[PDB]
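Take a look at the structure set out below.
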Amino acid sequence: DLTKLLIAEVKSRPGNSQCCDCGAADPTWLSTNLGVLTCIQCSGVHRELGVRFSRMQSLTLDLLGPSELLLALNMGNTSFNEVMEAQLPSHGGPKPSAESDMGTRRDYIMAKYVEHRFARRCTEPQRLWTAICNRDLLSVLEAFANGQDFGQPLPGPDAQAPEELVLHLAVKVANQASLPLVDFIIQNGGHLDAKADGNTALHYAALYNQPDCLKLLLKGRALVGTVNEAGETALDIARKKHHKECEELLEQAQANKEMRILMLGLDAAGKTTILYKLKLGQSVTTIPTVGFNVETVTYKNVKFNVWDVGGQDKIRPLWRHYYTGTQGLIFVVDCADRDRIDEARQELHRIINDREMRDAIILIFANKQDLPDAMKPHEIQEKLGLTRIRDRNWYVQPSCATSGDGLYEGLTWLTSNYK
Ligand SMILES: Nc1nc2c(ncn2[C@@H]2O[C@H](COP(=O)(O)OP(=O)(O)O)[C@@H](O)[C@H]2O)c(=O)[nH]1
Ligand SMILES: [Ca+2]
Ligand SMILES: [Mg+2]
Ligand SMILES: [Zn+2]
């Protein structure tokens, strides 16, 4: 309603009437941390790269707020590709089109966003610092594309006795216009809970009166009450410099043998991925499933009627329909997606508490264990709020759909606990 406008404005950016990676008919899929638009076909490869590189939401199918659309309105395809496809020629270009071979698409998108082949080239410490205060997002992107690593600090101007890291600075010298860079930095190389006199990026926001910066920092879910050399928390500095507005948000910062399986979870969790590796034995490439999938897995003399339903924000209220006559629940959780865990917490708890769902076996796949910072199964139990789940039969199973690891074991548990 308030966002309808912003969506419409995102689409009308230069180059956004074509897919970022294959230039297809007006794309609906946003890589929220890059502010770019891809078709449903290119979209799936981003989901393959992980939330570490790309965070896909549909403008059409996911539920989006003003806050998530910041870079989208301030980036768009043309601006982005100007940097990232700078060394791409016109003729014989490796960049694909509308309906190209998945192999060719995949090979290109992986080289572009992860390896950064086609992006403009150079080194470089100070130029970044200059771009930040200049608020030149496009140059910051250039830096990011050449492999800058925002985690490590840069020397500053005259009498440079101390040393500050990228994000810390961007916050200090920020206003309304300075925002998207703050957001880009957080979502792309931002070691959010970094310290360096041991002041957090959170602390700084309270020192220089940066209300909108505080908003973005907690959106990325940040540490509160961490102490520095003075023994000051985020709340504490806001009082010493008496910056009124910030303190309001910091106070809120606290509070024979067959079986029908329903397989749910948030978008991009790996639901389809799991289902088809189990059914085919080989791993397959996956487009986001706009409807749902049904296949029958016959592992160890037991028929599994698996119902893989897509989990875009808009297509979740349809889950209710698949509850009736279900025995086992497979909730797939993307573990690399540390940001959307309380979302999965909520959506699982919304299911297992449905009055049409008590007599359900619950198997949680703690999927994507192969990815870098993965977040372990024990850590999943606690965060998914299974500590106080009693008189319910749950079981978290470490898995990696791409390789196949952990998957059959989950079934084994279903067989066994279908007593
Ligand atoms: N690294 C890794 N990637 C995975 C794993 N499972 C799924 N993926 C990727 O995540 C993306 C989303 O999978 P998908 O089944 O379409 O998610 P769905 O929307 O819940 O059905 C796919 O591109 C997969 O390549 C995993 O265990 N490890
Ligand atoms: Ca969402
Ligand atoms: Mg799916
Ligand atoms: Zn495309």
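Residue numbering restarts at 1 for every chain of the structure tokens, chains are lettered A, B, ... in their displayed order, and ligands are numbered from 1 as they appear.
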Spatial neighbours of residue 64 in chain A, 12 Å, only C-alpha atoms, chain gap at least 4 places, as an mmCIF file with N, CA and C atoms, in the first residue's frame:
data_model
loop_
_atom_site.group_PDB
_atom_site.id
_atom_site.type_symbol
_atom_site.label_atom_id
_atom_site.label_comp_id
_atom_site.auth_asym_id
_atom_site.auth_seq_id
_atom_site.Cartn_x
_atom_site.Cartn_y
_atom_site.Cartn_z
ATOM 1 N N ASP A 1 0.847 -1.229 0.000
ATOM 2 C CA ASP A 1 0.000 0.000 0.000
ATOM 3 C C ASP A 1 0.870 1.263 0.000
ATOM 4 N N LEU A 2 1.821 1.320 0.933
ATOM 5 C CA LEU A 2 2.808 2.398 1.003
ATOM 6 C C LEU A 2 4.010 2.002 0.157
ATOM 7 N N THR A 3 4.123 0.694 -0.053
ATOM 8 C CA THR A 3 5.247 0.074 -0.730
ATOM 9 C C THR A 3 4.959 -0.133 -2.217
ATOM 10 N N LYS A 4 3.684 -0.331 -2.551
ATOM 11 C CA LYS A 4 3.219 -0.412 -3.944
ATOM 12 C C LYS A 4 3.921 0.629 -4.825
ATOM 13 N N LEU A 5 4.014 1.853 -4.305
ATOM 14 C CA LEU A 5 4.680 2.968 -4.973
ATOM 15 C C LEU A 5 6.172 2.726 -5.158
ATOM 16 N N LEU A 6 6.829 2.300 -4.084
ATOM 17 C CA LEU A 6 8.269 2.061 -4.091
ATOM 18 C C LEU A 6 8.653 0.921 -5.028
ATOM 19 N N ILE A 7 7.851 -0.142 -5.040
ATOM 20 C CA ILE A 7 8.022 -1.240 -5.994
ATOM 21 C C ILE A 7 7.985 -0.694 -7.418
ATOM 22 N N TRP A 29 12.504 -10.189 -9.721
ATOM 23 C CA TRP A 29 13.269 -10.769 -8.618
ATOM 24 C C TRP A 29 14.448 -9.911 -8.210
ATOM 25 N N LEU A 30 14.442 -9.487 -6.946
ATOM 26 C CA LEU A 30 15.410 -8.519 -6.435
ATOM 27 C C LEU A 30 16.481 -9.157 -5.565
ATOM 28 N N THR A 32 18.377 -8.131 -2.909
ATOM 29 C CA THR A 32 18.192 -7.011 -1.985
ATOM 30 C C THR A 32 19.469 -6.353 -1.481
ATOM 31 N N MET A 56 17.685 -13.024 -2.538
ATOM 32 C CA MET A 56 16.586 -12.865 -3.479
ATOM 33 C C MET A 56 15.237 -12.722 -2.788
ATOM 34 N N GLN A 57 14.478 -11.730 -3.239
ATOM 35 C CA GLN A 57 13.058 -11.627 -2.930
ATOM 36 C C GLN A 57 12.316 -11.298 -4.221
ATOM 37 N N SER A 58 11.089 -11.790 -4.348
ATOM 38 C CA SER A 58 10.254 -11.404 -5.470
ATOM 39 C C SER A 58 9.507 -10.129 -5.112
ATOM 40 N N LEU A 59 9.472 -9.192 -6.053
ATOM 41 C CA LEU A 59 8.640 -8.008 -5.917
ATOM 42 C C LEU A 59 7.169 -8.434 -5.998
ATOM 43 N N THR A 60 6.913 -9.432 -6.844
ATOM 44 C CA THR A 60 5.579 -9.978 -7.066
ATOM 45 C C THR A 60 5.120 -10.866 -5.907
ATOM 46 N N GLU A 68 13.819 -2.538 3.120
ATOM 47 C CA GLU A 68 14.487 -3.545 2.275
ATOM 48 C C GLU A 68 14.770 -3.058 0.844
ATOM 49 N N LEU A 69 14.091 -1.983 0.452
ATOM 50 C CA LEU A 69 14.150 -1.461 -0.907
ATOM 51 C C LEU A 69 15.113 -0.285 -1.059
ATOM 52 N N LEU A 70 16.022 -0.127 -0.102
ATOM 53 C CA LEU A 70 16.910 1.031 -0.099
ATOM 54 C C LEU A 70 17.866 1.021 -1.284
ATOM 55 N N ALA A 72 17.811 -0.962 -3.819
ATOM 56 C CA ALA A 72 17.017 -1.179 -5.032
ATOM 57 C C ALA A 72 16.681 0.145 -5.718
ATOM 58 N N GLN A 312 7.488 -18.411 -0.506
ATOM 59 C CA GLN A 312 7.598 -16.966 -0.643
ATOM 60 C C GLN A 312 6.552 -16.404 0.290
ATOM 61 N N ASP A 313 6.832 -15.241 0.869
ATOM 62 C CA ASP A 313 5.948 -14.632 1.866
ATOM 63 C C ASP A 313 4.471 -14.702 1.479
ATOM 64 N N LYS A 314 4.168 -14.432 0.209
ATOM 65 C CA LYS A 314 2.781 -14.429 -0.261
ATOM 66 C C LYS A 314 2.164 -15.820 -0.428
#
Residues within 10 Å of ligand 4, counting only C-alpha atoms and all ligand atoms: report them as a PDB file with C-alpha atoms, in the first residue's frame.
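The file below, part_16.pdb, is the result:
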ATOM      1  CA  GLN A  18      15.582  -6.017 -18.347  1.00  0.00           C
ATOM      2  CA  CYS A  19      17.181  -8.770 -16.229  1.00  0.00           C
ATOM      3  CA  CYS A  20      20.522  -7.834 -14.696  1.00  0.00           C
ATOM      4  CA  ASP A  21      22.262 -10.961 -16.024  1.00  0.00           C
ATOM      5  CA  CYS A  22      20.431 -11.999 -19.223  1.00  0.00           C
ATOM      6  CA  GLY A  23      18.355  -8.890 -20.072  1.00  0.00           C
ATOM      7  CA  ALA A  24      15.031 -10.753 -20.136  1.00  0.00           C
ATOM      8  CA  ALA A  25      11.508  -9.265 -20.190  1.00  0.00           C
ATOM      9  CA  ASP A  26      10.820  -6.995 -17.165  1.00  0.00           C
ATOM     10  CA  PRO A  27      12.249  -9.021 -14.187  1.00  0.00           C
ATOM     11  CA  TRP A  29      13.269 -10.769  -8.618  1.00  0.00           C
ATOM     12  CA  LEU A  37      16.618  -7.131 -10.793  1.00  0.00           C
ATOM     13  CA  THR A  38      16.762 -10.607 -12.335  1.00  0.00           C
ATOM     14  CA  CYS A  39      14.314 -12.886 -14.119  1.00  0.00           C
ATOM     15  CA  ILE A  40      13.044 -16.048 -12.406  1.00  0.00           C
ATOM     16  CA  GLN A  41      15.637 -18.089 -14.337  1.00  0.00           C
ATOM     17  CA  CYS A  42      18.722 -16.084 -13.381  1.00  0.00           C
ATOM     18  CA  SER A  43      17.120 -15.668  -9.951  1.00  0.00           C
ATOM     19  CA  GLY A  44      17.657 -19.325  -9.071  1.00  0.00           C
ATOM     20  CA  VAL A  45      21.422 -19.195  -9.533  1.00  0.00           C
ATOM     21  CA  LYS A  95      26.432 -12.706 -21.140  1.00  0.00           C
ATOM     22  CA  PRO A  96      23.323 -14.760 -22.066  1.00  0.00           C
ATOM     23  CA  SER A  97      19.735 -14.001 -23.130  1.00  0.00           C
ATOM     24  CA  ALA A  98      16.060 -14.723 -22.313  1.00  0.00           C
ATOM     25  CA  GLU A  99      16.139 -18.497 -22.862  1.00  0.00           C
ATOM     26  CA  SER A 100      19.765 -19.633 -22.726  1.00  0.00           C
ATOM     27  CA  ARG A 105      23.747 -19.023 -17.485  1.00  0.00           C
ATOM     28  CA  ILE A 109      26.542 -15.684 -13.133  1.00  0.00           C
TER      29      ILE A 109
END
Given only C-alpha atoms as the basis, pick out the residue of A:140, A:302, A:179, A:159 nearest to residue 74 in chain A. A:179
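The interatomic distance for the pair CA of residue 270 in chain A and atom 5 (C, counted along the ligand's line) of ligand 1 works out to 5.4 Å.
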To check your reading of the model: which residues sit at most 8 Å from ligand 3 when counting only C-alpha atoms and all ligand atoms? Write the answer as a list in words. residues 267, 268, 269, 270, 271, 272, 273, 288, 289, 290, 292, 293, 308, 309, 310 and 311 of chain A
Near-residue 233 in chain A list (9 Å; only C-alpha atoms; drop same-chain fewer than 4 positions) as a list in words: residues 199, 202, 203, 224, 225, 226, 227, 228, 237 and 238 of chain A
Please, what distance in Å, to one decimal, runs between CA of residue 315 in chain A and CA of residue 61 in chain A?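 Distance reported for this atom pair: 7.2 Å.
Backbone DSSP over range 199-262 of chain A yields strand (DSSP E) at residues 258, 259, 260, 261 and 262 of chain A.
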Export, as a CSV table (one decimal), in the first residue's frame, the selected residues with N, CA and C atoms.
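Now in part.csv:
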chain,number,residue,atom,x,y,z
A,258,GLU,N,3.0,-46.7,4.0
A,258,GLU,CA,3.0,-45.5,3.3
A,258,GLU,C,2.9,-44.3,4.3
A,259,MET,N,3.4,-43.1,3.8
A,259,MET,CA,3.4,-41.9,4.7
A,259,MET,C,3.4,-40.6,4.0
A,260,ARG,N,2.4,-39.7,4.3
A,260,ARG,CA,2.3,-38.4,3.7
A,260,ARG,C,3.1,-37.4,4.4
A,261,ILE,N,4.1,-36.8,3.6
A,261,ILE,CA,5.0,-35.8,4.1
A,261,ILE,C,4.7,-34.5,3.5
A,262,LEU,N,4.6,-33.5,4.4
A,262,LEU,CA,4.5,-32.1,4.0
A,262,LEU,C,5.9,-31.4,4.2
Residues within 10 Å of residue 357 in chain A, only C-alpha atoms, excluding chain neighbours under 6 positions, as a PyMOL selection string: chain A and resi 320+323-329+351
I'd like to know which of A:131, A:62, A:369, A:77 is closest to residue 16 in chain A, using only C-alpha atoms. A:77
Smallest atom-to-atom distance to ligand 2: which of A:333, A:280, A:169, A:266, using only C-alpha atoms and all ligand atoms?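 Ranking A:333, A:280, A:169, A:266 by distance to ligand 2, first place goes to A:266.
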Write out as a ChimeraX atom specification which residues come within 9 Å of residue 187 in chain A when counting only C-alpha atoms, dropping same-chain ones fewer than 6 positions away. /A:33-34,52,220
Take the residues that were just selected and, keeping N, CA, C and O atoms, output them as a PDB file, in the first residue's frame.
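Writing done, so here's out.pdb:
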ATOM      1  N   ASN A  33      20.544  -7.128  -1.398  1.00  0.00           N
ATOM      2  CA  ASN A  33      21.818  -6.607  -0.934  1.00  0.00           C
ATOM      3  C   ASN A  33      22.637  -5.973  -2.056  1.00  0.00           C
ATOM      4  O   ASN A  33      23.704  -5.405  -1.807  1.00  0.00           O
ATOM      5  N   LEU A  34      22.146  -6.073  -3.287  1.00  0.00           N
ATOM      6  CA  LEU A  34      22.844  -5.490  -4.432  1.00  0.00           C
ATOM      7  C   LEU A  34      21.980  -4.468  -5.163  1.00  0.00           C
ATOM      8  O   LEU A  34      22.476  -3.706  -6.000  1.00  0.00           O
ATOM      9  N   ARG A  52      25.107 -15.229   1.448  1.00  0.00           N
ATOM     10  CA  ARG A  52      26.409 -14.597   1.560  1.00  0.00           C
ATOM     11  C   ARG A  52      26.678 -13.652   0.386  1.00  0.00           C
ATOM     12  O   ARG A  52      27.256 -12.586   0.575  1.00  0.00           O
ATOM     13  N   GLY A 220      20.017  -5.367  10.616  1.00  0.00           N
ATOM     14  CA  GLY A 220      21.009  -6.425  10.437  1.00  0.00           C
ATOM     15  C   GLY A 220      21.255  -7.220  11.711  1.00  0.00           C
ATOM     16  O   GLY A 220      22.166  -8.050  11.754  1.00  0.00           O
TER      17      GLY A 220
END
Given only C-alpha atoms as the basis, pick out the residue of A:284, A:173, A:275, A:154 nearest to residue 307 in chain A.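 Going through A:284, A:173, A:275, A:154 one by one, the smallest distance to residue 307 in chain A is for A:275.
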Shell around residue 331 in chain A at 7 Å using only C-alpha atoms, local window under 5 positions removed, as a ChimeraX atom specification: /A:263-265,363-365
Limited to C-alpha atoms, could you put the picked residues into a file as a compact mmCIF listing (two decimals), in the first residue's frame?
# COMPACT_ATOMS: atom_id res chain seq x y z
CA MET A 263 7.82 -30.30 3.30
CA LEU A 264 7.79 -26.59 4.20
CA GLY A 265 10.24 -23.83 5.12
CA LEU A 363 11.85 -33.41 11.13
CA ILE A 364 13.91 -30.26 10.82
CA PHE A 365 16.56 -30.34 8.14
Given only C-alpha atoms as the basis, pick out the residue of A:294, A:253, A:36, A:235 nearest to residue 78 in chain A.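 Between A:294, A:253, A:36, A:235, the residue approaching residue 78 in chain A most closely is A:36.
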